[PDB]
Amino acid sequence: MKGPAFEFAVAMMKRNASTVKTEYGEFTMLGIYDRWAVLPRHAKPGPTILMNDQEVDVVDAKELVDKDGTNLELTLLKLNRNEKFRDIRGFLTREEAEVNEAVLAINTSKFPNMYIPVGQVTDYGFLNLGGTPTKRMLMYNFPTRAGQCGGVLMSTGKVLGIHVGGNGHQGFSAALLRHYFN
C-alpha cells in the first residue's frame, strides 16, 4: 500500500517483465539477468514461447527443486535473444522474506499492467499444491482471480517471489531467492 513500493514495482515491470504464452497458458514472466527469466513451474514452457506476441527460442530450462527433491514451483528459462535483461539479482532476497505491505504486479492480456496491494506477506513454508508437496511458499490475503500467475510480488527495493497460485482470498508466491541464480 506504500507509495515507494508501487513506484518500484511499476519500474521493475516496465524494465524486466513481459507477457508469455506457453502451451499451458498465458503468464507474467520476469527477466532476471542476461537471458535468464523465471516462470511459475506450471507454465511448463517448451522449446519456443510467445513473448510479447513474438516467438522466442528457449535454449535451457530448469525446474527448481530443493536438496531433497521437493518442488519449489518455479522454472528458470534461458532465452535465445540479443537483448539482455537488466540484472535485478540485487533485488532478490537471500532467504524467504516477509513484509508488511507488498504489491503484486500483473502483466497479461487479461490484466495489462495491473498492481494490487496485497498487504502482509508471510513466510508460510509448506503447501501441498494439488498433490505436489511444495516449499518456500509466501502467503498473502487478497481477492484472487484467475490469470494472475506468475505476477511479481514486490516491496520497495524487493523482488520477493513469483505468484504461483491462489483461491478465494488466499494467494501464494514461490520465494525468488538469489542463490537460484548465484
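All residue numbers refer to positions in the sequence shown, first residue = 1.
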Query raised in the report: With respect to the recorded C-alpha B factors, which stretch has the higher mean value, 137-145 or 25-33?
Result: 137-145
Query raised in the report: Averaged over C-alpha atoms, is the B-factor higher for 153-161 or for 109-117 in this PDB entry?
Result: 109-117
Query raised in the report: Which third of the chain holds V99 when residues are ordered by C-alpha B factor: lowest, middle or highest?
Result: middle
Report task. Looking at the entry's B-factor column for C-alpha atoms only, identify whether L176 ranks in the lowest, middle or highest third of its chain. Result -> lowest
Query - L129 by Cα B-factor - lowest, middle or highest third of the modelled chain - result: highest
**Report entry** Cα B factor band for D53 (lowest, middle or highest third within the chain)
**Finding:** middle
